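Okay, so we've got a single protein chain in two different forms coming up as structure tokens, structure 1 first and structure 2 after it.
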Structure 1
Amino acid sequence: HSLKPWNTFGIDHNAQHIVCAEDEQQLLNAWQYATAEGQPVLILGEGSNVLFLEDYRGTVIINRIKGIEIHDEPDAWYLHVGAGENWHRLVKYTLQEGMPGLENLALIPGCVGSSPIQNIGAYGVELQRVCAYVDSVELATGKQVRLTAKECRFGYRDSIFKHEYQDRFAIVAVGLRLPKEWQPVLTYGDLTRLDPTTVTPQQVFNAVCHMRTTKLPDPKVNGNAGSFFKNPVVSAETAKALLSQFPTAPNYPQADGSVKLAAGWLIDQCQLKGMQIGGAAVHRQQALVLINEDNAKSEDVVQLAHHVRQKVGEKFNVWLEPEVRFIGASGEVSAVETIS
């Protein structure tokens, strides 16, 4: 069975079984069944962060556990959201319902269960800010677990679910804490033009969606998995050196002296916008996004990434690391290794 509907990149590879789990017991059943048949199991929300490299030897579970629960506290609305829930429709609903605090993370694809995994962030906010806890099933034992946001170990596009807990657990629900006292995050890009007291949550939603819509490709049109590489963090010295010859480089300094750079700027600086390898290209309005321009095979996407990464590594000696998850036949492989 074909994985192509199940991943936003539009990559056509195959799995032994693909299965929609619409409740927790169901998911657990499908996992127990495939691992009892010696098969690997892959859980997916919408497949918007995965690149299939090969045909997959096991079972792919599509997490579709839905439902929202809202618990009132004097300080905050607490939401208990099913993993199979679509994140942008949750952002829309929460705002429609008078519970703001998710608008900066508007239009990010995927399911709510997947949002802790890579600490979803855009426009000044990461999921860690409104995340209370995450609920999982210990797939290997049925044991139901709850982690606090602290125990989640949130990082820039990181969490415990990319390490200790990865294939051991399946997320079934995420707990969100939205403060009743709304507080607008207007620190990023065109949001700094909005005033903190006149602005409604819906104008931030619109302001964010407009920046997104102007630069980012629709997977409906051309398949992609968003920002293919992470923004590089370099040493204080190396950032100063690159910024000596390249003064206008977007850079985001840390307290601890090190500097984050813009990976999309560095790719752009190598004149790779519009560059193609087979059906895969570097998107012209945002060079950090690789796309499925025409019936792209997974090897084309891997080669374009190897090409873009070598070019930036030769020009800037900054070596780019992918944010997309590389899935090979028996489970996830190392993406940098595959594009080296």
Structure 2
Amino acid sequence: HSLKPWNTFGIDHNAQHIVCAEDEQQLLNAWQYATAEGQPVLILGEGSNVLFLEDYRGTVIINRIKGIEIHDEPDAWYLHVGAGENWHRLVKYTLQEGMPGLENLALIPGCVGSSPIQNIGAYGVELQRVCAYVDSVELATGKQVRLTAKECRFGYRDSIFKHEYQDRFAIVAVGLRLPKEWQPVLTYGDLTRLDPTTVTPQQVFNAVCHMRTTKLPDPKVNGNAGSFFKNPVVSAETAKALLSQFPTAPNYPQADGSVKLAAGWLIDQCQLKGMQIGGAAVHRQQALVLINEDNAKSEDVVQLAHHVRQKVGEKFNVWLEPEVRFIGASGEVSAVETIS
């Protein structure tokens, strides 16, 4: 079974088995079967954040558990969504149905169940801001476990499901809390050109869609997992010393006084834009997005990643990490040790 449709990169590799879970109980029966046969199981929404390095020795379960539930409270509308729901259709549905708050995360691919895992970020907002609780099943017990926004252990590009719980729990619904008083987040990019007294939810959504659709590579033409690396977050001291010699590295102040450096700039300083290693290439405008340009195989993407990490690491002593998840033959592997 070919994973090449279950992969936004377009890399053709095979899993021993592929199955579409339309519901919770079917997801559990499939998992209990594969694991009783000694197989690794891998849950998946749209493949938009994985890199399949070998052919997979187990069952992939495509999670299509659909369903939106709106609930009105005095303070906020609480949405209860299914893990199989598409995230950008959810962003246009809440903005069509009178519910602002999600526009800055528009056109991120993947499924709603994915978004607590990597804590999807864009244009200032991260999922954490509108995430009330997450519903997941303990796959080895049948057991529904509802974790709340605190117990999720959210961080920049991080959650509990990225390490303690990944192969234990399966997300089946997400609880979003959208407040009735909309604070517009006009903090990154061309959204800074927007006056907060004239700004409508729909035009925020509009600005973000144009930025994305013009700067980022469409998976239909160029295979990718979007921004291959996470924007480094350095401490104010380590930042200050870098800004004394490079004084406009485009950096953002994080909530705790830490500094986010733009990885798109650093790579571009290293004159890496356009670099093809095999059929994999550094995207020319968006230098953080490694693409599948000309029939790229996994080694091409791992070797160009290692090289982009190594040249940015020499010129600036800022050691980059991949956001994309690396999958070996029998499960997930450390993305950094593979590209170091």
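Reference numbering: structure 1, starting with residue 1. Basically, rigid core = biggest C-alpha set you can superpose within 1.5 Å across the two forms.
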Exercise. Superposing on the rigid core, which residue among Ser258, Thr148, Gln203, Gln144 shifts its Cα by at least 2 Å between structures 1 and 2?
Worked result: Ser258
Exercise. Would you say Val234 moves its Cα by 2 Å or more between structures 1 and 2, aligning on the core?
Worked result: yes
Seminar exercise, completed: Core-superposed CA shift of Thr187 between structures 1 and 2, in Å, is 1.3
For this session: Could the core-superposed CA displacement of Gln245 between structures 1 and 2 be given in angstrom, to one decimal?
Result: 2.3
